[PDB]
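Protein chains in written order, with this note's numbering: chain Y, 7 to 395; chain L, 7 to 395. Ideal Cβ positions, reconstructed from N, Cα and C, are used throughout, including at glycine. Let me begin by presenting the structure, written as C-alpha cells, before commenting on it.
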C-alpha cells in the first residue's frame, strides 16, 4: 500500500481526504435533479450515499459555523462580511464567491493555486487565508480581518503628507517584493487592496488577480481587471492578445498610488472608461501635476520614474534601486525594520468587531446555475478547493 | 471536525477512503469518453485527475498481483480461478464477476452487504473473504481456497454410508446456524456450495444468494431462483402475493441434501424443470424412498421432518431440536467439538496448488458496456465495493 497513503496524506496533493470529500460531495450535487434520476444507476447511487453525505456537510465547515456581524464589502461575486466563528469566538473577514458567476466564460483551471502558494508562504505583507470551504452556491474564503480599512478610505479622510506617503509607499514596495519572490505578480495593485491592521500597518490582498510567472518571469493571461486607473500600459495592450508582461506592471501601480496620495486624484482620471484607457496609453503626453498642489522634486521624480515605458521604468533591475530613491530618506524607519516602527495612522479600535473604518452597504436575489437536463457537471471545477489551515 | 475523521477511519463506514477512491475512480471511468468531453467542465476535471488516477489504480490491489494457476469453476458471471499472490506467495480462489452481467440480474442493491456482514463476522463455517477489488470490466473476490472440492464430487465418488452422512449433515447444520445468527438466510443450500478444506471439514459458500433478514428473522422478495432440486415449496410459490419467507427454507434444503446423500438421487428429480417444481408443490404426495435403498428409520425420520410444510418443519423452534435427533447419535463427535474430529474423507494433497478435486474447464467470451453518448454512470453501483483485511 506504500506510497498510496502518502499521496492521500500530503495536504498539497489533489487526492487528499478533503479533495476526495469535495469530489464525492460535488458528484452528488450534479446528479440530484429529478431528470437525471430516471437513470437506474444514478438513482440507486444517490439513495445510498444521500444520508451520509448530509451528515458530512454538517460536520465539515459551513456558513452556519460563523456569525455575520456586519457587511463590510461587495463584491460583484458576493459580499465581504465580518464574521465570528462561534466555536472559536474568533473574528474573521469572509469573502463569498458565487459559483456560476465564477465561470468567467473561457478557460479556468485550478483557479486556486495562486492563493494556495500564497497561504503556504505566510508573508506578513499579504492578507492571510485561514480556512476556505464551499457549498452548492458559494465559495467561502476566511481571511484575517483588517480593521484599519483600505487606503481609499484613508485618503478620503486625510490630507496625506509626504512623510506618510513615504511610509505607505515603502510598505507596498516591500509587499510587492514579497509577492514577486513567491513567483507571483499581482496585476491589480490599487488602494482597494491595501489594507491596514490593528496597528496601522499595510498588507496587500489578492482579489483573484495574482498569477504565477513563466520561467522567463512573464505571465500571459487573458483575464482582466475592469477599471484601469491603476493599470499599466503593457497590461492594457495585452487584453486583446495575451500578451506577456513581467513583474514591472506592479511598479507602475505604485506610481499611480503615489500620485493619488499626494495630488488628490489619479493621474489619468477621466469621466469615461474610454478616456482613462486612452489617457493611460498616451501617458508620455498626458501625465502632469496640477499647478497648485506642491510636491517635492524627489516625490515628483519617483512618480515619473514609475510612470514611463516598461523599458526604462524604475525597478526592472530589481527592487534595490527602488529603495535607493532619495524620496525614501527619513528619520523614522529603515527598510530593514519598517513593520515594527510606528504607523502614521493608528486606528482607534474600541472593540474586536469595530468596523467604523468600513463604509456601510445596502442590502441589494442571487442567480445561480440553471437546473440541468442531462449531466453537465457544474461542480467538478471546485473539487480540491476546500482548504483548512 | 471531530468524528468526521472517525467516519473515514472506520472500515464499517460507507465512506472510508476506499469508498472515496472508488467514488473518484468511477467518476473518471464514466466521464472519459470523447463524446462527454466536448463539455468544458468535464474535460477540465479529467485533465486534472486522469493522470493521478491511473497512478492510484496502479498502487491499489489489482488483478496483476495474482498469478493464475488454474480455472476451477464457472460461472455464468465469470470464472473461478486458483490464484497465487505474487508478493505474499499465498494461494486463494478468485471469483470474477462481469460488471456488465451484474447490473442486469438484477436490482440493485447495494448487494455486497451480505458479504460484509459475512466477512466481518468471520465464521469458521463460511468460506472466508480476504480481499475484494474491481477494474473497469470485472469485480474480484479473493477467498480461501477449499482444496477438498465440493460434495457433488464426493457423493459421485463414494457410496456414502450413514456414519459419513451424520458428519456432513451436522456440519451443514452448524454452518446454517452461524449464517442465521448473523441475520442472513442462505436461500441456496446445495452440495455445490458445500466445500471441503485441507482437512476434509465443510464450509458453506455464498454464491450471491444470502439475504439480510426482517426484524423477526424472515424476509421476502424474489428475484430469484435457488436451484430447482433444492428449492423449498414456500420459496417456489413466492413470486408476489402472500409471498414471504424466513430461515426455514434452508432447513428444507438440508433434508434434500440428506436424501441425495443416502439414496443417490434427489427426492424430487425429474427430466424437465417443471417436473421438479410440480413434484415439490406436491411433496406431501411425491416424496417416497425406493424400498430397497436401505435407510435407517432415523434417517428417514429426519429427512421427513425437514421435508414438510414450513409450519411443522424441523428448525422452526430453533436449531437445538435438530441437534437432539436420534440420527445424530455416534461416538466420534459432539456438537461442540465436531470440527476438530476426524472427518470421514481427508483428501491427500501433494502441493498447495493441487486441484484434483475440481474438474477441468474451458471455452473462452468477454463482453462489456456499450459506449455512452451522454453520462449514464455505469460504474456508480460498484462504489464502495472495495474491501481489504
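Exposure of residue i, with buried meaning 16 or more beta-carbon neighbours within 10 Å
{"i": "residue 130 of chain Y", "result": "exposed"}
{"i": "residue 29 of chain Y", "result": "buried"}
{"i": "residue 128 of chain Y", "result": "exposed"}
{"i": "residue 177 of chain Y", "result": "buried"}
{"i": "residue 34 of chain Y", "result": "buried"}
{"i": "residue 330 of chain L", "result": "exposed"}
{"i": "residue 241 of chain L", "result": "buried"}
{"i": "residue 202 of chain Y", "result": "buried"}
{"i": "residue 174 of chain L", "result": "buried"}
{"i": "residue 61 of chain Y", "result": "exposed"}
{"i": "residue 377 of chain L", "result": "exposed"}
{"i": "residue 291 of chain L", "result": "exposed"}
{"i": "residue 239 of chain Y", "result": "buried"}
{"i": "residue 107 of chain L", "result": "exposed"}
{"i": "residue 299 of chain Y", "result": "exposed"}
{"i": "residue 18 of chain L", "result": "exposed"}
{"i": "residue 255 of chain L", "result": "buried"}
{"i": "residue 404 of chain Y", "result": "This structure does not reach residue 404 of chain Y, given that chain Y is present from 7 up to 395, and the question cannot be answered."}
Candidates the options, of which the one nearest residue i by Cα
{"i": "residue 159 of chain L", "options": "L:395, L:286, L:361, L:281", "result": "L:361"}
{"i": "residue 192 of chain Y", "options": "Y:218, Y:245, Y:177, Y:329", "result": "Y:218"}
{"i": "residue 222 of chain Y", "options": "Y:70, Y:251, Y:66", "result": "Y:251"}
{"i": "residue 205 of chain L", "options": "L:76, L:345, L:213", "result": "L:345"}
{"i": "residue 168 of chain L", "options": "L:285, L:267, L:32", "result": "L:267"}
{"i": "residue 194 of chain L", "options": "L:271, L:7, L:212", "result": "L:212"}
{"i": "residue 182 of chain L", "options": "L:152, L:133, L:109", "result": "L:133"}
{"i": "residue 270 of chain L", "options": "L:157, L:359, L:237", "result": "L:157"}
{"i": "residue 326 of chain L", "options": "L:367, L:115, L:184", "result": "L:184"}
{"i": "residue 142 of chain Y", "options": "Y:335, Y:305, Y:338, Y:63", "result": "Y:63"}
Residue i in three-state terms, based on DSSP
{"i": "residue 256 of chain L", "result": "helix"}
{"i": "residue 139 of chain Y", "result": "strand"}
{"i": "residue 325 of chain L", "result": "coil"}
{"i": "residue 91 of chain Y", "result": "strand"}
{"i": "residue 145 of chain L", "result": "strand"}
{"i": "residue 30 of chain L", "result": "helix"}
{"i": "residue 125 of chain L", "result": "helix"}
{"i": "residue 279 of chain L", "result": "helix"}
{"i": "residue 396 of chain L", "result": "Because chain L in this structure spans residues 7 to 395, residue 396 of chain L falls outside the shown range and cannot be described."}
{"i": "residue 223 of chain Y", "result": "coil"}
{"i": "residue 250 of chain Y", "result": "coil"}
{"i": "residue 64 of chain Y", "result": "helix"}
{"i": "residue 164 of chain L", "result": "coil"}
8 Å Cβ cutoff, residue i in contact with chain Y
{"i": "residue 55 of chain L", "result": "yes"}
{"i": "residue 384 of chain L", "result": "yes"}
{"i": "residue 23 of chain L", "result": "yes"}
{"i": "residue 31 of chain L", "result": "no"}
{"i": "residue 7 of chain L", "result": "yes"}
{"i": "residue 83 of chain L", "result": "no"}
{"i": "residue 17 of chain L", "result": "no"}
{"i": "residue 51 of chain L", "result": "yes"}
{"i": "residue 26 of chain L", "result": "yes"}
{"i": "residue 10 of chain L", "result": "yes"}
{"i": "residue 48 of chain L", "result": "yes"}
Short CB-CB distance (under 8 Å) between residue i and chain L
{"i": "residue 214 of chain Y", "result": "no"}
{"i": "residue 179 of chain Y", "result": "no"}
{"i": "residue 40 of chain Y", "result": "no"}
{"i": "residue 268 of chain Y", "result": "no"}
{"i": "residue 14 of chain Y", "result": "yes"}
{"i": "residue 391 of chain Y", "result": "no"}
{"i": "residue 190 of chain Y", "result": "no"}
{"i": "residue 185 of chain Y", "result": "no"}
{"i": "residue 234 of chain Y", "result": "no"}
{"i": "residue 58 of chain Y", "result": "yes"}
Any C-beta of chain B under 8 Å from that of residue i
{"i": "residue 167 of chain L", "result": "No chain B is part of this structure, whose protein chains are labelled Y and L."}
Can you list, in chain order, the residues of the segment 87-103 of chain Y whose Cβ is nearer than 9 Å to any Cβ on chain L?
-> none
Within 7 Å of chain L by C-beta, residues of the segment 353-381 of chain Y in sequence order = 380, 381
Using Cβ-Cβ distances below 7 Å, what residues of the segment 109-124 of chain Y are close to chain L?
-> 114, 116
Between the segment 136-156 of chain Y and chain L, which residues of the former have a C-beta closer than 8 Å to a C-beta of the latter?
-> none
Using a beta-carbon distance cut-off of less than 8 Å, what residues from the segment 199-211 of chain L approach chain Y?
-> none
Going along the segment 60-77 of chain L in order, which residues come within less than 8 Å of chain Y, judged by CB to CB distance?
-> Within the segment 60-77 of chain L, the qualifying residues are 61, 62, 65, 66.
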